[PDB]
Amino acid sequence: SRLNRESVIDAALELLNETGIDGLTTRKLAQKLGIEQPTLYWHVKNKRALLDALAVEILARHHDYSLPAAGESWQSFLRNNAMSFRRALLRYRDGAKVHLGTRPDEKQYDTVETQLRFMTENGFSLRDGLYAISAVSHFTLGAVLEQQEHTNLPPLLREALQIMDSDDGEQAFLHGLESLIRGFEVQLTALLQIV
(Lines of atoms letter the chains of each structure in order from A and count residues from 1; the text may use other names and numbers.)
(Lines give C-alpha, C1' and ligand atoms only; values in the text may rest on other atoms or scores of the structure.)
Protein backbone atom coordinates (compact mmCIF):
# COMPACT_ATOMS: atom_id res chain seq x y z
CA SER A 1 0.00 0.00 0.00
CA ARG A 2 1.09 3.69 0.06
CA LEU A 3 4.42 4.48 1.82
CA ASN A 4 4.33 8.28 2.23
CA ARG A 5 5.15 9.41 5.81
CA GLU A 6 1.48 9.71 6.78
CA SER A 7 0.65 6.18 5.63
CA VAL A 8 3.77 4.72 7.29
CA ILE A 9 2.86 6.40 10.58
CA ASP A 10 -0.85 5.27 10.38
CA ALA A 11 0.20 1.62 10.09
CA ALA A 12 2.93 1.96 12.77
CA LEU A 13 0.50 3.57 15.28
CA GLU A 14 -2.14 0.94 14.55
CA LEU A 15 0.54 -1.79 15.02
CA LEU A 16 1.62 -0.18 18.30
CA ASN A 17 -1.92 -0.72 19.57
CA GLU A 18 -1.62 -4.45 18.60
CA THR A 19 1.85 -5.14 19.89
CA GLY A 20 2.95 -2.59 22.49
CA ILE A 21 6.32 -0.86 22.40
CA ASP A 22 8.27 -4.03 23.33
CA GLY A 23 6.86 -6.14 20.46
CA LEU A 24 6.81 -3.46 17.75
CA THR A 25 9.35 -4.23 15.01
CA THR A 26 10.23 -2.98 11.55
CA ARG A 27 9.79 -6.51 10.16
CA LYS A 28 6.17 -6.70 11.31
CA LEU A 29 5.55 -3.08 10.13
CA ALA A 30 6.66 -4.40 6.71
CA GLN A 31 4.12 -7.20 7.20
CA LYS A 32 1.27 -4.79 7.83
CA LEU A 33 2.28 -2.66 4.83
CA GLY A 34 2.26 -5.62 2.38
CA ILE A 35 5.95 -4.99 1.69
CA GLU A 36 9.46 -6.48 1.95
CA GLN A 37 11.84 -5.32 4.71
CA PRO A 38 14.31 -3.73 2.32
CA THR A 39 11.53 -1.57 0.79
CA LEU A 40 10.59 -0.26 4.28
CA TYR A 41 14.26 0.45 5.09
CA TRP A 42 14.22 3.12 2.32
CA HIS A 43 11.45 4.89 4.23
CA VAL A 44 12.54 4.07 7.81
CA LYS A 45 16.05 3.19 8.86
CA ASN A 46 15.18 1.32 12.13
CA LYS A 47 13.00 0.95 15.29
CA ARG A 48 14.61 4.01 16.90
CA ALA A 49 13.83 6.18 13.86
CA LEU A 50 10.25 4.89 13.89
CA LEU A 51 9.55 5.51 17.62
CA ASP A 52 11.02 9.01 17.35
CA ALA A 53 8.56 9.74 14.54
CA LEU A 54 5.66 8.12 16.42
CA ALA A 55 6.46 10.25 19.51
CA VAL A 56 6.33 13.44 17.41
CA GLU A 57 3.23 12.33 15.55
CA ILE A 58 1.39 11.44 18.79
CA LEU A 59 1.71 15.07 19.91
CA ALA A 60 0.86 16.67 16.52
CA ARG A 61 -2.19 14.50 15.96
CA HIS A 62 -3.78 14.38 19.40
CA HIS A 63 -2.31 17.05 21.78
CA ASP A 64 -4.43 20.00 20.62
CA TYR A 65 -4.28 22.20 23.71
CA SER A 66 -0.60 23.09 23.32
CA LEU A 67 -1.44 26.79 23.34
CA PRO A 68 -3.23 29.27 25.68
CA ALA A 69 -6.56 30.74 24.71
CA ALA A 70 -6.28 34.51 24.29
CA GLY A 71 -6.96 35.89 27.78
CA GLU A 72 -6.50 32.53 29.56
CA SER A 73 -5.05 32.57 33.09
CA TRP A 74 -1.71 30.70 33.33
CA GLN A 75 -3.34 28.33 35.83
CA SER A 76 -6.09 27.33 33.40
CA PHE A 77 -3.52 26.86 30.57
CA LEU A 78 -1.40 24.44 32.61
CA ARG A 79 -4.65 22.56 33.50
CA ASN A 80 -5.95 22.17 29.91
CA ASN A 81 -2.42 21.49 28.60
CA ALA A 82 -1.87 18.82 31.25
CA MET A 83 -5.19 17.15 30.39
CA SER A 84 -4.48 17.23 26.64
CA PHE A 85 -0.93 15.82 27.09
CA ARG A 86 -2.28 13.00 29.27
CA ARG A 87 -5.05 12.12 26.74
CA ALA A 88 -2.58 12.14 23.82
CA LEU A 89 -0.32 9.81 25.90
CA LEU A 90 -3.34 7.61 26.75
CA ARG A 91 -4.61 7.31 23.12
CA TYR A 92 -2.05 4.62 22.18
CA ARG A 93 -0.68 1.58 23.95
CA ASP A 94 2.69 2.32 25.51
CA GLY A 95 2.36 5.93 24.35
CA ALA A 96 4.08 7.33 27.48
CA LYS A 97 6.87 4.81 26.77
CA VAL A 98 6.94 6.00 23.14
CA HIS A 99 7.15 9.60 24.33
CA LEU A 100 9.92 8.88 26.96
CA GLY A 101 13.37 9.73 25.54
CA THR A 102 12.67 12.34 22.88
CA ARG A 103 12.74 16.13 23.06
CA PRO A 104 10.39 18.41 21.10
CA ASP A 105 10.86 18.18 17.35
CA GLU A 106 11.76 21.31 15.36
CA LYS A 107 8.11 21.45 14.25
CA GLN A 108 6.96 22.29 17.81
CA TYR A 109 9.94 24.37 19.05
CA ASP A 110 7.97 27.58 18.70
CA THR A 111 5.08 25.99 20.63
CA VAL A 112 7.29 25.15 23.65
CA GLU A 113 8.82 28.60 23.11
CA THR A 114 5.37 30.23 23.27
CA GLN A 115 4.44 28.18 26.40
CA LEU A 116 7.63 29.44 28.15
CA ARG A 117 7.14 33.06 27.02
CA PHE A 118 3.49 33.01 28.14
CA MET A 119 4.62 31.98 31.64
CA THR A 120 7.28 34.71 31.85
CA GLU A 121 4.50 37.17 30.83
CA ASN A 122 2.51 36.12 33.92
CA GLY A 123 5.16 36.83 36.61
CA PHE A 124 7.45 33.79 36.27
CA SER A 125 11.19 34.05 35.70
CA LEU A 126 12.20 31.77 32.81
CA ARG A 127 13.52 29.28 35.36
CA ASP A 128 10.47 29.09 37.64
CA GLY A 129 8.39 29.12 34.50
CA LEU A 130 10.35 26.13 33.24
CA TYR A 131 10.23 24.31 36.61
CA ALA A 132 6.40 24.59 36.73
CA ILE A 133 5.96 23.35 33.15
CA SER A 134 8.51 20.56 33.62
CA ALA A 135 6.70 19.62 36.86
CA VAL A 136 3.39 19.38 35.04
CA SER A 137 5.12 17.23 32.37
CA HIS A 138 6.81 14.84 34.83
CA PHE A 139 3.68 14.42 37.02
CA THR A 140 1.59 13.86 33.91
CA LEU A 141 4.12 11.41 32.33
CA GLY A 142 4.50 9.45 35.55
CA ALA A 143 0.73 9.12 36.13
CA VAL A 144 0.15 7.88 32.56
CA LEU A 145 3.09 5.46 32.67
CA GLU A 146 1.85 3.95 35.95
CA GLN A 147 -1.73 3.81 34.71
CA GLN A 148 -0.83 2.30 31.32
CA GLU A 149 1.51 -0.21 32.93
CA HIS A 150 -0.90 -1.37 35.63
CA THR A 151 -2.76 -2.67 32.57
CA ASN A 152 -3.53 -10.55 51.69
CA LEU A 153 -3.58 -6.76 51.51
CA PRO A 154 -3.55 -4.71 54.73
CA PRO A 155 -6.79 -2.74 55.28
CA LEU A 156 -5.77 0.80 54.16
CA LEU A 157 -3.79 -0.59 51.19
CA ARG A 158 -6.63 -2.89 50.10
CA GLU A 159 -8.95 0.12 50.14
CA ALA A 160 -6.42 2.42 48.41
CA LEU A 161 -5.85 -0.04 45.55
CA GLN A 162 -9.66 -0.31 45.15
CA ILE A 163 -9.71 3.50 44.76
CA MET A 164 -6.79 3.44 42.25
CA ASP A 165 -8.44 0.83 39.96
CA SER A 166 -11.89 2.46 40.23
CA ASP A 167 -11.03 4.60 37.16
CA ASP A 168 -8.29 5.18 34.54
CA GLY A 169 -6.16 7.35 36.86
CA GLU A 170 -8.25 10.44 36.08
CA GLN A 171 -9.47 11.29 39.58
CA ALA A 172 -6.04 10.95 41.23
CA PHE A 173 -4.36 12.80 38.37
CA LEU A 174 -6.70 15.81 38.35
CA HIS A 175 -6.65 16.19 42.15
CA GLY A 176 -2.80 16.26 42.18
CA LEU A 177 -2.82 18.53 39.11
CA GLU A 178 -4.66 21.14 41.25
CA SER A 179 -2.22 20.68 44.13
CA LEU A 180 0.66 21.38 41.70
CA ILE A 181 -0.91 24.53 40.15
CA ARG A 182 -1.82 26.10 43.52
CA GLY A 183 1.65 25.20 44.79
CA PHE A 184 3.09 27.10 41.80
CA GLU A 185 0.78 30.01 42.52
CA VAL A 186 1.85 30.11 46.16
CA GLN A 187 5.43 30.29 44.91
CA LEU A 188 4.61 32.94 42.26
CA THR A 189 2.55 35.19 44.54
CA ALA A 190 5.17 35.44 47.35
CA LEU A 191 7.77 37.18 45.14
CA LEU A 192 10.80 37.69 47.47
CA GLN A 193 9.02 37.09 50.81
CA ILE A 194 9.83 33.94 52.79
CA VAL A 195 7.10 31.42 52.18
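A residue's number is simply how far along the shown sequence it sits, counting from 1.
S.K.: If you take the mean CA temperature factor per stretch, which one wins between 66-74 and 131-139?
M.R.: So the stretch with the higher mean C-alpha B-factor is 66-74.
S.K.: Quick check on the record: does 160-168 or 122-130 carry the larger mean Cα temperature factor?
M.R.: Going by the record's values, the stretch with the higher mean is 160-168.
S.K.: Which third, lowest, middle or highest, does the CA B-factor of residue 19 fall in along this chain?
M.R.: Ranked within chain, residue 19 CA B lands in the highest tercile.
S.K.: By the recorded C-alpha temperature factor, relative to the other modelled residues in its chain, which third is residue 85 in?
M.R.: Lowest third, going by the recorded CA B-factors of the chain.
S.K.: Select lowest, middle or highest to describe the third in which the CA B-factor of residue 144 falls within its chain in this entry.
M.R.: For residue 144, the deposited C-alpha B-factor lands in the lowest third.
S.K.: Going by the entry, which third of its chain does the Cα temperature factor of residue 8 land in?
M.R.: Its C-alpha B-factor, which the entry lists for residue 8, ranks in the lowest third among residues of this chain.
S.K.: Within this chain, which third does the Cα B-factor at residue 53 fall in: lowest, middle or highest?
M.R.: For residue 53, the deposited C-alpha B-factor lands in the middle third.
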